[PDB]
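Shown next, in C-alpha cells, is the structure this report addresses.
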Amino acid sequence: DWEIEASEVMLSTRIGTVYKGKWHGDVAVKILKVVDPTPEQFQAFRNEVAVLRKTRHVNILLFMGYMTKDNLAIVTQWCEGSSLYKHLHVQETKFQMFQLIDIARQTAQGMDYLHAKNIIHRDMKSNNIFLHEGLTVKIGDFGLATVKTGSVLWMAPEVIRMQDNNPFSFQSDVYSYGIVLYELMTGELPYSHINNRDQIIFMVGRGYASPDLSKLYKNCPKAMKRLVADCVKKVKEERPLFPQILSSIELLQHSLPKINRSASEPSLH
Amino acid sequence: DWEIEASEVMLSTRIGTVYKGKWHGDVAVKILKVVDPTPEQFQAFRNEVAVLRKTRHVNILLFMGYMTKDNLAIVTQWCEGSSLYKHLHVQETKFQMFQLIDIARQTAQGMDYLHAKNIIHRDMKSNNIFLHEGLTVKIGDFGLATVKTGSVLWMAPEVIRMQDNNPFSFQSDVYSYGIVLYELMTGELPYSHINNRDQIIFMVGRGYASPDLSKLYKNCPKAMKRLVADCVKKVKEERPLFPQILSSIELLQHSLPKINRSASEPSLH
Amino acid sequence: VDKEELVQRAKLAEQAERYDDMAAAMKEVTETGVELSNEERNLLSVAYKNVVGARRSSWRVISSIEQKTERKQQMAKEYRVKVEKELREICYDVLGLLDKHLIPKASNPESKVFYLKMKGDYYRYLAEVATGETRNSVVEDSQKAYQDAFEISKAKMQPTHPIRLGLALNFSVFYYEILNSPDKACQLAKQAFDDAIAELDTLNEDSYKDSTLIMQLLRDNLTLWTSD
Amino acid sequence: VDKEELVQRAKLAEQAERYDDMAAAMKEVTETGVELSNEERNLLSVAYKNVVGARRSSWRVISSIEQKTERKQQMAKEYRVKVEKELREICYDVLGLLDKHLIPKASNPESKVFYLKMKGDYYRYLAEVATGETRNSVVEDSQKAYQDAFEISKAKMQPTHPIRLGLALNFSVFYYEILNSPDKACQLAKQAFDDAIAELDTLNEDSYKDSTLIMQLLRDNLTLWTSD
C-alpha cells in the first residue's frame with residue numbers, strides 16, 4: 001500500500017523526530033524517536049496513518065507514505081515557507097488587508113474538507129498553518145487528529161475543562177480557526193500583556209475573562225468584527241459551523257476593496 | 001472510500017468533460033461526457049481511479065475523489081497557472097536559464113515518484129505539465145496511465161511502431177521527459193519548419209530522421225547538451241533511467257551560475 | 001525635416017530611463033508647429049506623466065514625513081516648498097504648451113478630447129497641492145476642461161474607446177479626491193461602466209485587451225469609494 | 001551647528017527618493033571640515049552610489065541600443081557622449097572630494113580602508129567607460145587605491161568584517177571586468193572566502209547577517225567566472 005521500503009530513503013538533517021531528507025524528491029520524515037514502540041504507541045501511529053490516508057486536499061500537508069522497518073515514520077510533503085508563527089510576530093511580515101483575508105479563506109476551505117471527511121484536527125495553533133510559497137496555506141501535523149500545554153492561547157475553554165476528557169466536537173475546531181483568524185487579523189497576541197499562563201488559562205478556561213477584541217485594525221470592515229465575535233464565544237452549543245463560516249468569509253472577501261488609494265489612468269505605452 | 005456524494009458538488013463552468021467548480025474549495029471535476037458507461041468505459045474509469053489512488057506527490061495533480069452517481073467523474077485539484085504549452089511559444093514567457101533548470105528537475109522528480117510506484121504515465125506532452133503558481137510543476141491527466149494523434153512531436157518512435165501495441169516500458173517515459181526537456185530548454189518546437197504531420201511522423205517513427213538539437217541556447221553548459229542527446233536517441237534498449245537522469249540534472253543545477261553579469265557590493269543601508 | 005530626429009531622440013531617452021531629455025525633445029517637436037500623430041502624442045503624454053509622477057511621489061513622501069513632529073518641521077516645510085516649486089513649474093509648462101500650440105490646432109475630435117483630458121489632468125495635479133484662491137481657480141479650470149472633453153466624447157467618440165474610458169476614470173477620481181463630492185464620482189464611474197459593458201460584446205481582441213485595464217481600475221476605485 | 005541640519009536634510013532627501021539633494025547636502029557636510037561618523041559616511045556612500053548607478057545604467061542601455069544599426073548611429077553616439085560627460089563630472093567630483101577632505105584627515109584604519117575603497121571604486125567606474133591613456137591612468141589609480149586599502153585591511157582590520165569582504169568583492173570584480181585577468185580575481189575571491197569561513201564560527205547574529213550577503217555575492221561571482 002503506502003508502505004515504503006526503508007532502504008530507499010535519505011535523512012539529511014535533524015531540523016524537527018522530523019527528519020529533512022529526500023525521497024524521489026525533498027520530503028519530510030517524522031521518525032518515531034523511540035526505538036521500541038509500546039502497543040499504545042503503535043496504536044497511536046496507526047491512528048495517525050489512518051487519519052492521514054483519508055486527507056487529499058490542496059490546503060493540507062500531503063501524505064506520501066509510512067515506513068515501519070526498524071522505526072516508525074510518516075513521509076510527508078516538504079514545504080518551503082515559514083509556519084506563519086514567524087510571520088505573525090517573530091518575522092513581522094505585515095501583510096496587507098487584501099492578502100490578509102485570503103489566508104483565512106484558505107484555512108477555512110481546508111478545515112471544511114477535514115470536517116467533511118469526518119476528520120477532527122483537534123487542537124491547532126498558528127504554527128501548524130504553513131504559509132507555503134505564494135500565500136498558499138497548508139494544514140500541518142495531525143498528531144492529535146482522531147476520526148470520531150506550553151501555549152494555551154489558541155485552545156478552547158471547553159477543551160481545557162475535559163471533565164471526562166472524552167468529547168471532541170466540531171465547535172472546538174471552529175474556535176481554533178476563529179482564534180487563528182483573530183491572530184491573523186490583528187497580527188498580535190492577546191494575553192501577552194502578562195506572563196502568567198496558569199492565571200490566564202484559569203480566567204479563560206472557566207469563563208472569567210475573554211480575549212480582548214479591540215486590538216483589530218482600522219481598515220477591517222464591520223462584518224469581519226461580527227464574524228470574529230461569533231467565532232470567539234464562551235458557549236459553543238451552536239457555534240456556527242465551517243460551511244457557513246466559509247460562506248461568510250467568501251462573501252466578505254467579495255465586498256472588500258483591494259487598493260488603499262484611488263488610482264487614475266496608468267502610463268500610456 | 002474516495003466516493004463522494006453527487007449532491008455535494010457544484011459545476012461552475014465548462015472549460016474542459018472537465019468542469020470547473022467548487023467542492024469544499026475550488027476543484028476540477030472531469031465528467032465522463034457520455035450518459036451510458038459501456039463495460040469497457042467503466043473498466044477504463046476504474047483503471048483511472050486505481051492509477052490515481054496510488055499517486056501522492058507534490059509534483060502530481062492531486063486526486064480528491066470520484067463521483068459515480070448518474071455520471072462518472074474524478075475530482076482533482078484545481079491549479080491556477082498555465083499548462084506550460086502557452087509559456088512555451090503561445091505566451092512566450094522567456095524564462096531565464098537558472099529558472100530553466102528547476103522545471104526540468106521538478107518534472108524529473110515527479111516522474112521518479114511515478115516510476116517508483118510502478119506507475120507509467122505513458123504518453124505526455126508539454127500541456128500536461130502544469131506550471132502552477134511560483135514555477136512549481138504538476139503532472140497532469142492520467143488518461144493513458146496504466147500500472148504494469150493530433151500532435152506527434154512529443155511521442156516515441158517505438159510508441160508509434162506498436163507492432164503488437166502491447167508493450168509500454170519506462171524508456172517511453174524517458175524520451176517523453178527528454179523531449180519535454182529540449183522543448184523547455186530551447187523555447188521552440190522541432191518539426192515546425194514544415195506542416196506535414198504524416199511525413200514527419202513517418203521519418204521520425206522509422207528512424208529516417210532525428211530532431212535537430214542545434215536550436216539550443218548559447219548559455220547552455222556542455223553537460224546539458226549531452227543529457228539531451230542521451231535522452232533523445234533512436235534506440236531505447238538501455239536509455240538511461242529516471243533515477244540517474246535526476247541525479248545528473250541535480251549535479252548540473254548545482255554547477256550552474258545564477259547571474260548573467262558580475263555583481264559588486266550592494267548599496268549600503 | 002528634424003521631426004524624425006527629435007522623435008528618435010525622445011524614443012532613445014525613453015529607453016535610457018532619462019525622462020527629462022525625452023520631455024524636452026517632445027516639447028521641441030510640438031513647438032515646431034505641425035500636426036502630431038498618435039505615436040508622438042503618446043510619447044509626450046508618457047514623458048510628462050512620468051516626470052510629474054516622480055515629482056508628485058516625492059512630494060507625497062515629503063508631506064508624510066512633515067506630518068510627524070523641532071527644526072525638522074520647518075526643514076520639511078522648506079523641502080515641500082521646493083518640491084512644490086518644481087511641480088508648479090512643470091505643470092505650468094505643460095499647460096501653456098497645451099493652450100498655445102496643441103488644443104487650438106487640434107483637428108479631429110479624438111485629438112481634441114485627448115488634449116482637453118490632458119489639460120484637465122495637469123490642472124488636477126496643480127490642485128492636488130495648491131491651496132486657497134489658486135486652488136479654486138485651478139479646480140475651475142480642471143472641471144471646465146474635462147467637461148468640454150466629456151461633451152465631445154459623448155457627441156462623437158466611441159463608447160467602448162479606451163480614451164473615453166480613461167476620461168471617465170480621471171473625471172471620477174477628480175470628483176472624489178479634489179471636489180470632495182463622492183456621489184458624482186460614483187455616479188459617473190457607474191454610467192461609464194454600464195455603457196462599456198453594454199457595448200463590450202462587439203469589441204475586438206486587442207481593443208478588449210486595452211479597454212479592460214481601465215475597466216478594472218474603474219471597478220477598483222468604485223469598490224474603494226463604496227466601501228466604508 | 002549646521003551639521004545636524006545638513007544630515008537631517010540628507011536623510012529627508014533619501015526618504016523622498018531625490019538622491020541629488022542628499023548628495024549635495026553630503027558634499028557640504030564634508031566640506032565643512034570635521035571628522036565624519038559611520039552614519040554620515042554611509043549616507044554619503046549610498047547617495048553617490050545611487051546617482052552614479054543611475055547614470056551608469058542609463059549609459060549601459062544607451063550603448064546597447066547604439067550597438068545595433070543610419071543617423072540613429074551618430075544620434076546614439078552623441079547621447080552616449082552626453083551621459084559620459086555627466087558620469088565623468090560626478091566621478092571627478094567625488095574623487096576630488098575624497099582626495100582633498102576625506103582620506104587625508106581620516107584617523108582610523110577602518111575609515112582609511114573605507115575611503116580608499118571608495119576611491120578605487122569610482123576610479124573603476126571611470127575606467128568602465130574611459131578609453132585610451134585616460135583609461136590606463138584611471139586603471140592605475142584604481143589598482144593603487146585598492147591595493148593600499150588591501151594592505152591596511154590585512155594589517156589591522158578584522159577578517160570577518162563586512163568592509164574587508166566588500167573590498168575583496170570589489171577588488172575581484174575590478175580584476176575580472178577591467179584588468180581582463182580572471183585568474184587573479186578568482187584567486188582573491190577564493191582566499192577571501194576561505195579566510196571568512198575560517199573565522200565564520202565566532203560571528204554574532206547581526207554580523208553574520210550582514211556578512212553573509214557579501215559572502216553570497218562572492219560565491220555567485222566565483223561561480224560565474226568559473227563556469228564557461
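Residues in the C-alpha cells are numbered from 1 in each chain, the chains being A, B, ... in the order shown, and ligands are numbered from 1 in the order shown.
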
### Message
Using only C-alpha atoms and a distance of at most 7 Å, pull out the residues of chain C that contact chain A, as an NGL selection string.
### Response
:C and (42 or 46 or 49 or 166 or 169-170 or 173 or 214 or 217 or 220-221 or 223-224 or 227)

Using only C-alpha atoms, what table do you get, as JSON lines, when you list each residue of chain A with an atom no more than 6 Å from chain B, its nearest pair of atoms, and their distance in Å rounded to one decimal, rows by chain then rising number?
{"residue": "A:24", "atom": "CA", "partner": "B:113", "partner_atom": "CA", "distance": 5.5}
{"residue": "A:25", "atom": "CA", "partner": "B:109", "partner_atom": "CA", "distance": 5.6}
{"residue": "A:56", "atom": "CA", "partner": "B:64", "partner_atom": "CA", "distance": 5.6}
{"residue": "A:64", "atom": "CA", "partner": "B:56", "partner_atom": "CA", "distance": 5.6}
{"residue": "A:109", "atom": "CA", "partner": "B:25", "partner_atom": "CA", "distance": 5.5}
{"residue": "A:112", "atom": "CA", "partner": "B:24", "partner_atom": "CA", "distance": 5.8}
{"residue": "A:113", "atom": "CA", "partner": "B:24", "partner_atom": "CA", "distance": 5.5}

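Within 9 Å of chain D, counting only C-alpha atoms, chain C contributes residues 5, 8, 9, 12, 13, 15, 16, 17, 18, 54, 57, 58, 59, 60, 61, 62, 65, 71, 72, 75, 76 and 79 of chain C.
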
Can you list, as a CSV table (one decimal) with N, CA, C and O atoms, in the first residue's frame, every protein, DNA or RNA residue that comes within 9 Å of residue 184 (chain B) when you count only C-alpha atoms, leaving out same-chain residues fewer than 4 positions away?
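In the end it all went to result01.csv:
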chain,number,residue,atom,x,y,z
B,84,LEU,N,1.9,25.3,-19.4
B,84,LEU,CA,3.3,25.4,-20.0
B,84,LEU,C,3.3,25.2,-21.5
B,84,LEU,O,4.4,25.5,-22.1
B,88,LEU,N,5.4,28.0,-23.5
B,88,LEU,CA,6.4,27.5,-24.4
B,88,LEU,C,6.6,28.5,-25.6
B,88,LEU,O,7.6,29.1,-25.7
B,100,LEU,N,15.2,27.9,-15.8
B,100,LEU,CA,15.0,26.9,-16.9
B,100,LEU,C,15.5,25.5,-16.6
B,100,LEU,O,15.3,24.6,-17.4
B,101,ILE,N,16.1,25.3,-15.4
B,101,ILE,CA,16.6,24.0,-15.0
B,101,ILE,C,15.7,23.5,-13.9
B,101,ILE,O,15.4,22.3,-13.8
B,103,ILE,N,12.5,23.7,-13.6
B,103,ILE,CA,11.3,23.0,-14.2
B,103,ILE,C,11.7,21.6,-14.6
B,103,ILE,O,10.9,20.6,-14.3
B,104,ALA,N,12.9,21.4,-15.2
B,104,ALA,CA,13.3,20.1,-15.6
B,104,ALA,C,13.5,19.2,-14.4
B,104,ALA,O,13.1,18.0,-14.4
B,126,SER,N,3.9,18.8,-23.4
B,126,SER,CA,4.2,20.0,-22.6
B,126,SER,C,2.9,20.5,-22.0
B,126,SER,O,3.0,21.2,-21.0
B,179,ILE,N,12.2,14.9,-24.4
B,179,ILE,CA,11.6,15.8,-25.4
B,179,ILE,C,11.0,17.0,-24.7
B,179,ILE,O,11.1,18.1,-25.2
B,180,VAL,N,10.3,16.8,-23.6
B,180,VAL,CA,9.8,17.9,-22.8
B,180,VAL,C,11.0,18.8,-22.4
B,180,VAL,O,10.9,20.1,-22.4
B,188,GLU,N,11.4,26.5,-28.3
B,188,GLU,CA,10.9,26.3,-29.6
B,188,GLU,C,10.5,24.9,-29.8
B,188,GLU,O,10.5,24.1,-28.9

### Query
Quick one: distance from CA of residue 96 (chain C) to CA of residue 114 (chain C) in Å, one decimal?
15.8 Å

### Message
When you look at region 193-199 of chain A with a cut-off of 9 Å (counting only C-alpha atoms), what residues show up, excluding the ones that are within fewer than 6 positions of it in the same chain? I need them as a list in words.
### Response
residues 150, 151, 152 and 153 of chain A

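Take the candidates C:92, C:204, C:32, C:44 and check each one against residue 11 (chain C) using only C-alpha atoms; the shortest distance goes to C:44.
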
### Query
Taking the backbone alone, and naming residues the way the document does, which bits of region 121-240 of chain B are helix (DSSP H, G or I) by DSSP, as a ChimeraX atom specification?
/B:157-161,170-186,197-205,222-231
